[PDB]
Amino acid sequence: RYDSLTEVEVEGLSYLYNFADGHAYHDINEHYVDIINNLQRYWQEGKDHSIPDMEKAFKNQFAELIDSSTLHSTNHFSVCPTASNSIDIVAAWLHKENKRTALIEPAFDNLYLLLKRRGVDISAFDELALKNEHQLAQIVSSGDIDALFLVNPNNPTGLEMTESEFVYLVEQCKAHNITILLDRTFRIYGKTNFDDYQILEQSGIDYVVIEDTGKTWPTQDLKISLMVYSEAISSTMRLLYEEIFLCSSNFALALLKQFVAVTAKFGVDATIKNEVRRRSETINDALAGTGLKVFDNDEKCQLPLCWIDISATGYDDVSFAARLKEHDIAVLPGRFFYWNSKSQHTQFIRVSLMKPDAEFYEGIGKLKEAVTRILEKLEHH
Amino acid sequence: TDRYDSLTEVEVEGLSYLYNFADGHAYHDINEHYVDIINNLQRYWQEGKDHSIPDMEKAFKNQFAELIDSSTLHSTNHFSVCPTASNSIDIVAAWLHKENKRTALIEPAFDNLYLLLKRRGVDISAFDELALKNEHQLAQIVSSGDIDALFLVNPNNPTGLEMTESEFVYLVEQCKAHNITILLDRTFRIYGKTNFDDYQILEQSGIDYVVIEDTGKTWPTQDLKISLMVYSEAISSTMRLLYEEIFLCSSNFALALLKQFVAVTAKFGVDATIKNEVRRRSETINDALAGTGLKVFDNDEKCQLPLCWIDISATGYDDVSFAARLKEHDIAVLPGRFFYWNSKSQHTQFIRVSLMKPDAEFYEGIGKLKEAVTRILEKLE
Ligand SMILES: CC1=C(O)/C(=C\N=C(/CCCNC(=N)N)C(=O)O)C(COP(=O)(O)O)=CN1
Ligand SMILES: CC1=C(O)/C(=C\N=C(/CCCNC(=N)N)C(=O)O)C(COP(=O)(O)O)=CN1
């Protein structure tokens with residue numbers, strides 16, 4: 001039995017065709033090439049500027065990309081080397097302030113593990129409550145919770161809140177003095193475009209927002225996670241941050257600031273979303289007619305991953321992933337995302353898209369052949 | 001608030017001052033031995049792409065084992081790789097709490113070691129750094145039955161206290177005899193004067209241990225760092241579980257870049273690449289403070305850390321007040337009381353001045369520091 005999704009992902013790192021973890025590792029495209037050709041420029045940029053100036057410069061470049069004037073305005077933020085570090089500091093804050101916390105389900109499981117490790121009193125809430133107004137109202141009205149930890153858009157389902165859904169969420173939390181923790185790790189893949197920072201700040205609620213470069217720009221896990229919070233909790237949030245970190249890397253900030261700038265210059269679609277679409281189509285076309293059904297609906301966004309229903313095969317997720325491993329292919333069994341109800345959700349695997357290009361395409365062809373060979377060996381049984 | 005609550009808070013404030021001698025992160029200029037690395041950053045970007053994460057983890061660990069000439073470290077696969085040394089300490093603290101280990105922490109110590117253990121809920125007691133050099137005092141500590149784990153820093157920051165081989169062997173013998181777990185922070189290892197194989201001694205003894213390494217105080221890579229966390233076989237499963245709650249991995253680019261810095265240091269020697277410049281800077285600040293009434297902390301048993309620990313008793317000023325006066329002259333130093341994390345009020349007579357700052361800022365700032373010190377003292381008379 002696996003302890004966690006990360007245990008599976010670590011094992012996957014040793015496989016020929018690794019589709020387990022969702023960290024961005026695709027090849028540098030035509031537009032980002034110039035950045036690698038000029039690494040020395042960003043090394044020099046880091047040397048020539050103060051740590052506070054580089055922090056603000058990256059934050060503001062990101063605010064320009066997502067067109068949030070509210071984020072551009074605020075100085076209440078810190079810079080972590082990883083998004084999991086931002087999540088963990090938030091969990092330390094929730095425990096310190098004694099906030100009973102409802103955590104979205106499904107979720108990448110280390111969100112639950114970090115909250116649990118920090119001593120947070122955790123309960124589950126269905127991601128679909130973000131799209132059902134009175135299901136959400138009952139959750140926040142119960143007097144059972146003081147905070148709501150969500151992921152938007154959500155991993156692995158691509159569930160994404162509309163502007164009106166997000167406004168309703170903030171209004172309900174405001175009326176019940178509920179703190180919102182908002183994990184925006186997959187923001188750039190979303191289909192929506194509204195200023196969620198503006199809605200949060202104008203409401204007056206306490207909140208933390210977590211951003212991440214690591215699922216989006218392929219920088220070999222040299223990452224930046226912005227952790228942004230309301231004025232009223234900034235002193236304590238910053239104190240907890242400083243127990244761990246003095247700062248992140250000025251080199252990493254200068255480098256990632258340019259990745260963000262290039263994405264702004266050529267747009268999201270040409271630099272990120274079109275590639276995700278093409279790789280999505282590759283898997284869909286490969287699995288057509290096999291009985292494996294890619295999860296899809298009208299409302300979801302396209303994450304850098306595919307959520308696949310394998311129920312037609314008669315295997316559960318852990319079983320099927322074990323067979324694929326004998327063919328040098330590593331996938332993520334899906335049950336762990338349903339961290340409060342794993343055994344009711346054993347029919348899915350997750351396959352990540354943003355892998356090294358040659359490995360990815362060769363690997364999907366091997367995956368199609370392995371599925372074929374696995375199912376035909378099952379006809380002989 | 002009006003006062004300082006942590007060394008990191010003072011260091012953050014110091015980031016905005018013209019002459020910042022506060023934090024101890026390596027920020028000196030790239031010397032002639034390292035310039036070829038920066039001139040060819042693309043080579044290490046490419047190397048990170050060309051190797052799997054586990055194989056680059058091992059390649060860095062092995063290159064470091066070569067530099068420190070430890071066949072034991074070279075042999076072991078029980079280790080994880082963190083982006084910062086603070087992350088490694090935090091995971092160790094989480095392990096101490098999970099395993100219900102009453103922990104004696106060295107005093108003095110850089111204060112976030114104390115803060116992290118306290119934040120994780122560890123049951124903390126202080127022990128005098130001088131116990132490491134007095135056999136009877138250490139034996140009383142481990143045989144009391146009041147502790148289960150001993151957290152030490154060797155060589156110690158800010159005093160430069162360093163264990164001899166026979167002193168280290170005695171420590172391990174005594175902890176073994178009382179089943180005390182050793183947590184060994186070797187952040188400043190490369191500055192020590194000794195050369196023995198501590199990994200061999202720990203492995204041979206059979207005790208439970210974690211060793212923490214760091215590049216950040218030694219090689220100037222703009223806080224793009226690597227921290228090896230190496231541990232005994234018997235605790236490897238649980239240590240790796242806690243690591244994997246927070247990290248999948250660190251950066252392969254970071255590992256490739258830092259591996260070269262290590263390799264070059266091993267090729268040309270730690271004196272030519274590191275220690276010689278440290279000597280020049282220590283002599284520089286020693287000559288500047290001579291005859292001021294400020295007493296540089298010194299003895300014939302310490303090693304030379306990249307920092308200067310200074311008794312300001314003769315000023316009549318306490319450390320925070322004196323640091324406040326220097327700030328008025330655009331000079332940031334570290335008040336020493338927070339290093340005595342269990343007894344701050346009894347140790348207010350020291351400041352710490354870091355040495356490995358950008359070259360022109362350092363030598364110019366020592367001149368400004370001498371002038372500010374002279375002017376502040378003349379006004380008292
Ligand atoms: C919604 C969300 C995630 O899905 C997520 C991570 N997802 C992963 C790999 C996690 C690897 N394991 C770990 N970080 N302990 C995935 O494969 O989708 C993180 C943290 O990102 P970092 O791993 O710290 O860079 C934050 N929010
Ligand atoms: C013995 C030791 C230290 O002295 C130390 C840090 N010393 C510092 C700056 C710490 C800045 N603040 C922080 N990490 N929250 C000094 O100025 O000496 C660390 C952690 O290293 P990192 O800061 O995480 O890179 C581990 N072991």
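Order of the sequence lines sets the chain letters (A, B, ...), proteins ahead of strands, with each chain counted from 1. These values consider heavy atoms only, across backbone and side chains, with no hydrogens, waters or symmetry-generated copies.
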* Heavy-atom proximity to chain B below 4.5 Å, by part of A/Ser248 -> backbone
* For A/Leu5, is it the side chain, the backbone, both or neither that has a heavy atom under 4.5 Å from a heavy atom of chain B? -> neither
* Please round to the nearest 0.5 Å and tell me the distance separating atom CG of B/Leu248 and atom CG of A/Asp21. => 5.0 Å
* Asked: Around A/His95, counting heavy atoms of other residues, nucleotides and ligands shown, do more than 12 lie under 6.0 Å from its NE2?
  -> no
* Compare every heavy atom of A/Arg118 with every heavy atom of B/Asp90, then report the nearest pair and how far apart it is. => OD2-NH2, 3.3 Å
* To do: Please say whether more than 12 non-hydrogen atoms of neighbouring residues, nucleotides or ligands are located less than 6.0 Å from NZ in A/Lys96.
  => no
* To do: Looking only at non-hydrogen atoms, find the nearest pair between B/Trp45 and A/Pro218 and report the distance.
  => CH2-O, 3.7 Å
* Using the side-chain contact (heavy atoms from CB on, under 4.5 Å) rule, pick out the option among B/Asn87, B/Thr8, B/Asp223 that qualifies with A/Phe245. => B/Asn87
* Structure fact -> Bottom line for B/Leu242: the part with an atom under 4.5 Å from chain A's heavy atoms is side chain
* Which atoms of A/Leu113 approach chain B - backbone, side chain, both or neither, heavy atom under 4.5 Å -> both
* Taking all heavy atoms of B/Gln222 and all of A/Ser249, pick out the closest pair and write down the distance. => O-OG, 2.7 Å
* Asked: Between B/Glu245 and A/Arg117, is there a donor-acceptor pair closer than 3.5 Å when you use the side chain of the first and the backbone of the second?
  -> no
* Asked: Between A/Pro52 and B/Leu15, which heavy-atom pair has the shortest distance, and what is it?
  -> CD-CB, 4.0 Å
* Portion of A/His23 that has a non-hydrogen atom of chain B nearer than 4.5 angstrom -> side chain
* Selection from B/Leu241, B/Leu224, B/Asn40 maximising heavy-atom pairs under 4.5 Å formed with chain A -> B/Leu224
* Asked: What distance do A/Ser14 atom OG and B/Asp55 atom CG have between them, rounded to the nearest 0.5 Å?
  -> 7.0 Å
* To do: Give, as side chain, backbone, both or neither, the part of A/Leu114 having an atom under 4.5 angstrom from any heavy atom of chain B.
  => side chain
* Verify side-chain contact (heavy atoms from CB on, under 4.5 Å) between B/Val12 and A/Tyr241, making sure each step is shown before the conclusion. => CA-CA 12 Å; B/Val12 166; A/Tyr241 168 90; over 6 Å; no
* Asked: At a heavy-atom separation under 4.5 Å, does A/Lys116 approach chain B through its side chain, its backbone, both, or neither?
  -> neither
* **Which atom of B/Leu41 lies closest to which atom of A/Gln40, heavy atoms considered** => N-NE2, 3.4 Å
* To do: Specify the closest pair of heavy atoms between B/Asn112 and A/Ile244, including all atoms of both residues, with the distance to one decimal.
  => ND2-O, 4.3 Å
* Asked: What distance do A/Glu242 atom CD and B/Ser86 atom OG have between them, rounded to the nearest 0.5 Å?
  -> 12.0 Å
* A/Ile87, part contacting chain B, at a heavy-atom distance under 4.5 Å -> neither
* Asked: NZ of A/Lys342: more than 12 outside heavy atoms within 6.0 angstrom?
  -> no
